[PDB]
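Student: no sequence for this one, just the structure:
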Ligand code: NA
Ligand code: NA
Ligand code: NA
């Protein structure tokens, strides 16, 4: 019955506004050295009158603590095709959903509403192993009396020191046009470049080690201001020249941030493999297409442009030392019938750019086995087939699959999401790709949206709430979300397995059978980490 | 564990999206003659896949029924200076709140979400006193199979006939600038 | 804010009167076939006025449900030497404690007071595997309106069928004088015999498979009406005759109830190993000692009696086919100094009864390594030492040890207690012994007590609340307690591990390190059973 | 996280065992001179092991401090018909309740259990106004280290000196049979007279200025040893003689203790007004009725006895100078239908005792307006009606009314109870009556009880916990309770209002509207007293 409740809680449990108060005061955490670890400080006012509340740490200076506030976004409906066993928030949703993380340490406490701060700890490589403790102080007012409570946090620091992940690469298709739309700035202006640096820095600090370049704008939809980072001009009919200066700046920036791998945009448009890319040239204030919207992939015009572009790309790659460090795309998901479309396109590349190896989403194993692509990217629900053929591959996931399958949605429970990197490791994926880092705007339209009130690009239920974006637009760059912090900590768990020498075949991982059939409790994660980290 | 729940409920109880399904089938109302009276037809899908649902009356023509859909608005916080004893929605708010009434009789039923239609009855002065009953029909799909349920409403109509209110005046400061 | 709250809850969480209402409606359980499983139906009136409430099942006929009401007893203080981390009821105790189970399905609901019914399910061996569901109905009154609520229970019934436990034996020193004192009847009259059958049947249905015979009364204190089941008469000085008829009736009874193993009383009195047992002979209305209270264990008198008694015992055991099915005791816990006492007594037994093998509480490993006894019974806090010596042994526990250690007290959390059989199994105990099944009276005095208001035999804090008794005296036999149902279900979990073929060395049990260092959450129990039972 | 917490707390806040530790060190009180004031010294061990703790004062000699220990009694349920807004102990009860005050200053501190001592200060008339301070010392052990803490108490002493209360009379129906039953002594033996003097002295030291004489035993139930202080013997049929010696001793005693006012037993039995009193005459070892249990109030036999008794009563009253200082009773609460019963009885008295004026519980205002009684005693919930008639009257309360209404129950908040004298004063009661000072035994039966474990005379919920008794049986007289000290301090506040000259109409009291609608916070009491006392 206390006027104000405050408790500690782990990073794998959502707190909904109408959650009941808990009592805690004490939390123990575990961490490898050179790693990052998270927890929540929850609070619920039992007072008619609103008040202020402040979160702070004491004695945590060596862990460079970071204190943020968990904001809520509206979730209108549960995502479809998800059984209740696989939904988070049963009893609480549809309703307010915790997700964005805001950089404040003081907020207003509202009557009878459970909220939380999110605290991020940096465990340095040099820290002495064993137990390190600190305190969290919560301060508020009851009338004119000042009140406070201390809570006790313990981190049991393993001897294990994490090494950089190897032979596993992660890419997200971040969107320059989303920055242009949500912040209302000219594409490639200097504000655009700050926001882009800030995003790429966010990505690499959350485990994404591949920097996407959209040299060609990716959408079928035609934009007035597309994000085409390659500059193209057409002085006389069918003779093109190319200015690489924007891509060159992006590569400089990403290399300064720590990237070594880069990824290039698609070369044929995703209606099957049947259309050519939309490529624009500047004119007046905005951009205009070089050829017809419906131009075919096998056209004379588009192949005449590839005859000139691909060698220029090769010269750029040489000049900037990017051949061995680039991943290339052709086109996405040809069904069986589309196969010959893509075969023709692939042979065209082999003729014009034999140096270029391709990777693409091919979920049909019978047609990724045929060698259509060079490195296939099945959706996770086709992973098993590729594994029985033992074909090496990347995996991706998007609005689907759902129900029992791994995913990253608003209503995917956090422990399930936290299994991502364990599954990546045990099922021996080469890498993971995802389309929806900051796709903040209206699906397939040059029309900004509102990520703080709309989580499915206005396309629910085909687009699941949570699929388009894991970060939110902040005034100077991205705000993280809970999902993104958990996903990042999951890529870290993949580094824990690797650094500790655990083999995918190890019995402690044997219940991870598919991207569908796998343990998904916070306890399995805690117990398995305790074994690994205390063996050391 | 039924795939679709539908029940009846009175006009004095908010139904929140995460409310549990109930069982009803039958509701009795009371009404003076020359008056207006209301109730709700609630529904909760227990299916992963969304489906359509339709609300209609049968045998109610003399009550000129009106069928509307209850919409939700976001309630970010409880209002301050209201103790919990005096709050509606304890355990469900802050959250989605039922309040607007929309003029539709069909909607999409969403997974695991309790919603309702709102039904308005006109009890005419000329009606015979006593029990008048009618049925409500709900129609939806499970896969390609059509499904329905009838529910039973009874109105116990008094001999009292309402007269126009007198010596009591009500005003609201409607706002032309708001339009 | 509902006038009446009713919810479902598991058998591993005490409900205190001032617990907050919950919402539930749905509970899932898991169960092996040929087993028994439990849960609670909780309820809290939010009304000024008291009302009646009734609990019943619907659609459970195949599970022979049993519906009982959880009663409360006073807990005046927490037991000492228990850190708050290890106490149940923090924030609620000292106070009313749920424990006795009464056979009613209707009670009065009192204002703002959270109570619960306790429901028991029988999962028959023949039941079909998979999900079985039923409902619980609660009925009460609000003013003159009848009200009710259905709640939904689902039991996921494993393919596994439990086999009788083997090679693990459990004994409790039930007390006949406790029946005579609490029901005010003559020792060995016919009501005494009904109540003894009821107690022994209770025991075997709770996993206790060894029947204790107090042929000699165990207490140092001299009683006027001792529970000495052997009839002894001394017609001339130092010549004794023996009547086994009461023991023979007890053995018939226990065999009819299912027992095969039996246990005999101590032969030397528990002040070290230095005094002879108090043995009585009838005289007038009650009994009188045969020799002085302080007679020594190595007396001429006592050895002259052992020379006559032990061959009569051997003849009886032969006649009744009980030698190989009997456990025998010498005396308990000699400190180092006392060791020669016990050595001398042991040699006397070797001389007079070489057939008799002995088992006793020896918690000193260096003097159980020396062979003093034949089967040692360390207290659990000495188990580790005995295991590094790898000496086979039983374990016991009593008022101690406490804090982190396994125990069965009023303020021992139920998931901790529920771990008993997991610990017995993984740490490979031969058996478990406990002194306090129904020690209902005043410690070491011929004076009844009141188990419904006194839980430590009037000896706290040396005797812990919950230590003397796990059942309460009912009009026709024992009433069960929550502790007793949980401990029973824990012995059943030992049968689950055995029947499913889980080896003590199995990785799923590797965190069970000692009777002190071991998981104790409801989550661990549930998840580990889910693995075992769904592998099937 | 201190091993032992100690803090100060006011006399208007119950401390429950599971209350959290607080920090204090400093408490200021306010007091009129010639008054008595109280506070608590609380303590909570945060230690696994029990320890001793001792409470004492330093520098308080001029205030004649008294240090006692608050004991707990079991409260099984809340009283019914009390909304939570009006219950003390929300979140802590049902459970252990503080109430008895025991004469010890050292106790055992138990693990994680908040307890308190109760300290009583005497503020002498002669003290200099202004601030007086002293210290409280708490001493305990941690292992073998002795530990202690000083706490600081301040008392702000007003210029106001309290005068003896006037025109306001308080009576409690103390029970001689309760002493006989709970101490197992013969009625009117010499132990009886010690315990009776001790009770009567207790009452007058708590504001009770009227001594009840049960000349006739009050209960309908027939006792073998009734408390009938008038000695009656019947030598021949229908001719009675009277020995007044016990009543005379009782009057001498109460006059020695300070009483001036007395009150006599009922003359008609409380089944309506229809039965005659049970009057007994000695025989052998105990007493026997003079006439039938069911004899009528209007019988010939009983009126023939009143013809003889009432003139003897008058002669005694003259001889002992008691007419102008005595209150008389007829019978309690006739409903409307019973009215003619009581009318007949009243006229009988007018014929046989016209000098006798009567006061009785009549809650029906239309039948106290009719003159049935001379000075009426409505229950508090009928007070309002009697005030709108502006009829002068006494007020009483018992198991009822409840909810918002004033009362003195185990679960009545102490600030609410503390308003009693403020309400008596402002609503201008002539006096207050209560049935349950020391009704310690089983309701309506010659069978002792246990006030330490049963607080409703075994009759809950019809009898509310707390209603039968405000003191507990001590070895040499009553133990006070918290409720009794608070009630006493409330009668003292009535003396403050009187001695300070505050008028019932004074605006500072205007929120006191009814015995239901009235402020009930500690803050209101404190602020209003501060105003009164600092005007001075
Ligand atoms: Na692709
Ligand atoms: Na032994
Ligand atoms: Na009276």
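Tutor: Sure, I can see it. Numbering: from 1, shown residues only, chains lettered A, B, ... in the order given. Ligands and ions are numbered 1, 2, ... in the order given.

Student: now do the contacts for residue A:20.
Tutor: For residue A:20, the contacting residues are A:44, A:114, C:20, by Cβ atoms under 8 Å, 6 or more residues apart in numbering or on different chains. Just so you know, the C-beta spots here come from the backbone N, C-alpha and C atoms, and that holds for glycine as well.

Student: OK, now which residue of the stretch 351-500 of chain A is nearest to ligand 3?
Tutor: When scored by Cβ to the ion, the stretch 351-500 of chain A has residue A:413 as its residue closest to ligand 3, at 69.2 Å.

Student: is it correct that that residue is in contact with residue A:520?
Tutor: Yes - counting by Cβ atoms under 8 Å, residue A:520 is a contact partner of residue A:413 at 6.9 Å.

Student: for the residue nearest to the spatial centre of chain A, which non-adjacent residue is spatially closest?
Tutor: Geometric centre of chain A, nearest residue: residue A:437, 4.8 Å, by Cα atoms, centre = their mean. Ranked by Cβ to Cβ, 6 or more residues apart in numbering or on different chains and with sequence neighbours excluded, the top spatial neighbour of residue A:437 is residue A:172, at 3.8 Å.

Student: cool, residue A:1 as well?
Tutor: Leaving aside its chain neighbours, residue A:1 sits nearest to residue D:91 (4.1 Å; criterion: Cβ to Cβ, 6+ apart).

Student: how about stretch A:21-36: buried residues?
Tutor: Buried residues in stretch A:21-36, counted by 16 or more other Cβ atoms under 10 Å in any protein chain shown: A:21, A:27, A:29, A:30, A:31, A:32, A:33, A:34, A:35, A:36.

Student: what sits against the fourth one?
Tutor: Read it as residue A:30. Contact analysis of residue A:30 by Cβ under 8 Å, 6+ apart lists A:37, A:155, A:156, A:157, A:158, A:526, A:529, A:530, A:533.

Student: for the second one, same thing?
Tutor: When the contact criterion is Cβ under 8 Å, 6+ apart, the partners of residue A:27 are A:8, A:9, A:10, A:39, A:151, A:152, A:153, A:154.

Student: distance of the last one relative to ligand 1?
Tutor: The reference is to residue A:154. Distance, residue A:154 to ligand 1, by Cβ to the ion, to the nearest Å: 46 Å.

Student: ok so that residue is a strand residue?
Tutor: Yes - read with DSSP: H, G, I helix; E, B strand; the rest coil, residue A:154 is one of the residues of a strand.

Student: these two touch, right, it and residue A:131?
Tutor: Yes - using Cβ under 8 Å, residue A:154 is in contact with residue A:131, at 5.6 Å.

Student: of the two, which one has the most company?
Tutor: More neighbours surround residue A:154 than the other of residue A:154 and residue A:131, with 14 against 10 (other Cβ atoms under 10 Å in any protein chain shown).

Student: distance of the more buried one relative to residue A:39?
Tutor: Distance, residue A:154 to residue A:39, by Cβ to Cβ, to the nearest Å: 11 Å.

Student: so what sits against both of the two?
Tutor: Contact criterion Cβ under 8 Å, 6+ apart; residues shared by residue A:154 and residue A:39: A:27, A:29.

Student: now do the same end-to-end measure for stretch A:167-181.
Tutor: End-to-end distance for stretch A:167-181: 35 Å, by Cα to Cα, to the nearest Å.

Student: helix or strand next in line after the strand or helix carrying residue A:498, which one?
Tutor: Assigned by DSSP states H and E, residue A:498 belongs to helix A:482-499. Scanning forward in sequence from helix A:482-499 by DSSP H and E, the next helix or strand is helix A:522-535.

Student: tell me which residues of that next one are tucked away?
Tutor: By 16+ other Cβ under 10 Å, the buried positions in helix A:522-535 come out as A:522, A:523, A:524, A:525, A:526, A:527, A:528, A:529, A:532, A:533.

Student: list just the nearest of the residues you listed to residue D:278.
Tutor: Distances from residue D:278 to the buried residues of helix A:522-535, taken as Cβ to Cβ, are shortest for residue A:523 (71.8 Å).

Student: over to the residue nearest to residue A:437: give its phi and psi.
Tutor: phi -130, psi 140 (degrees, to the nearest 10).

Student: relative to residue C:536, how far out is the closest residue to chain C within chain A?
Tutor: Per Cβ to the nearest Cβ, residue A:523 is where chain A lies closest to chain C, at 4.9 Å. Note on residue A:523: its distance to residue C:536, by Cβ to Cβ, is 21 Å.

Student: just residue A:188 next, same as before
Tutor: With Cβ to Cβ as the criterion, residue A:188 and residue C:536 are 61 Å apart.

Student: do residue A:248 as well
Tutor: Separation of residue A:248 from residue C:536 (Cβ to Cβ): 62 Å.

Student: ditto for residue A:348
Tutor: Residue A:348 sits 55 Å away from residue C:536, going by Cβ to Cβ.

Student: of the two, who's got more company?
Tutor: Taking neighbours as other Cβ under 10 Å, residue A:348 and residue C:536 compare with residue A:348 leading, 20 against 12.

Student: quick one: contacts for the residue in chain A positioned nearest to ligand 3?
Tutor: Closest contact between chain A and ligand 3, by Cβ to the ion, is at residue A:1 (41.5 Å). Residue A:1 makes contacts with A:46, D:90, D:91, as judged by Cβ under 8 Å, 6+ apart.

Student: ok, now how distant is it from chain B?
Tutor: Residue A:1 sits 11 Å away from chain B when distances are taken as Cβ to the nearest Cβ, to the nearest Å.

Student: sounds good, over and out.
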